[PDB]
Amino acid sequence: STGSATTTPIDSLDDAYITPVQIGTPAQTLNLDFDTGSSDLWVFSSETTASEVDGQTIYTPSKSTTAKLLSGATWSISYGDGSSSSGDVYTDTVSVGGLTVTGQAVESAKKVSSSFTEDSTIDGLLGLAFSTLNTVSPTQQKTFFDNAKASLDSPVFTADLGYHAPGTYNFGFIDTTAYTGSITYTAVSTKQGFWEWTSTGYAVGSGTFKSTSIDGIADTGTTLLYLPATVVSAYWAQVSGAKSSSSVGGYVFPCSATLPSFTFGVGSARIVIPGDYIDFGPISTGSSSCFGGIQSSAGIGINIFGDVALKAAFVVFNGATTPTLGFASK
Ligand SMILES: Cc1oc2ncn(CCCN(C)C)c(=N)c2c1C
């Protein structure tokens, strides 16, 4: 089997991406944030504290003839950005782009933190990291991809995120028309539960490439690119007036700037992030200070190849017995 679903930016700045997902019988379609940095499929629901729901579409398990309460199971997750959610668990039929998994754990939120409530465009998350990170207790549950894997034509999924435009998540096949040149594959460590790999270096604009190992994770659920302070300083030094602002919470730059590109290495291959991808717009409405899309990972504890990086590539998440990651230009 295969599946193919369109993923769409939530706003004009690509602050996150949503993909429609069918849950239950009859189908209830929710727009979920596909997140290769976590491993829980959780949704706003009829059980979510009413004051914490503001415009999201909810899953109502009592209206699904295939929903079953997973007795005694609870979940609770805290994300790197400080957000969180928790609740109980159903199993139900979940379909993405024509690919159906029966008996998928659907984690129903009883509580969500303010940033979730405040984002009316995202009805939940669909985790695509390794199932070892799944938070369901006392019996850990599998991700949608892990459940689908055996049925897929090939044990892979691909992320093809757009810049200020829709893109695609495919399951079970590699669309050879969706990228240019060749896909370069690189080793993955699953030791921390992530799609963790090592970039071979970087360049800023038309500058020379610096060969240096940068360990990080391919994370579709993180918006920005988080790299070591040395790398990030080298990038922003090429932008007149750019500065790190403690009060704003990262590098900002004059909105009048034309940003340089940023290149990262995948083995001997190179992925180029155009400068415009690194502009996240005014820090507040009407401001002439703009927020940068490349930020320091110092104090995160890990480097994160988030959407800013991934959207410049066609990315293969190869879930074979020894997982690997592939990157192509597009
Ligand atoms: C205006 C805005 O800026 C954002 N940045 C990251 N995200 C992603 C947050 C992911 N986290 C909850 C685990 C957003 N959802 C978002 C919105 C909305």
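Every residue, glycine among them, receives a Cβ derived from its backbone with ideal geometry; neighbour counts consider all protein chains shown. Values in this text are rule-based calculations from the coordinates and carry no lab data.
The table that follows gives values for the structure above.
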item: Residue pairs meeting the criteria (Cβ under 7 Å; at least 6 apart or on separate chains; first touching a residue at least 12 places away in the same chain (Cβ under 8 Å), in segment 263-276; second among the charged types (D, E, K, R)); result: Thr263/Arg270
item: Residue list for segment 190-234, restricted to those being hydroxyl-bearing (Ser, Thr, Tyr) and closer than 20 Å to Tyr163 by Cα; result: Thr220, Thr222, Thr223, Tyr226
item: Among the residues listed as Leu32, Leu41, the single one being under 15 Å from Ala159 (Cβ atoms), in contact with a strand residue (DSSP E or B) (Cβ under 7 Å, 6 or more places away or on another chain) and surrounded by 23 or more Cβ atoms within 10 Å (Cβ to Cβ); result: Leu32
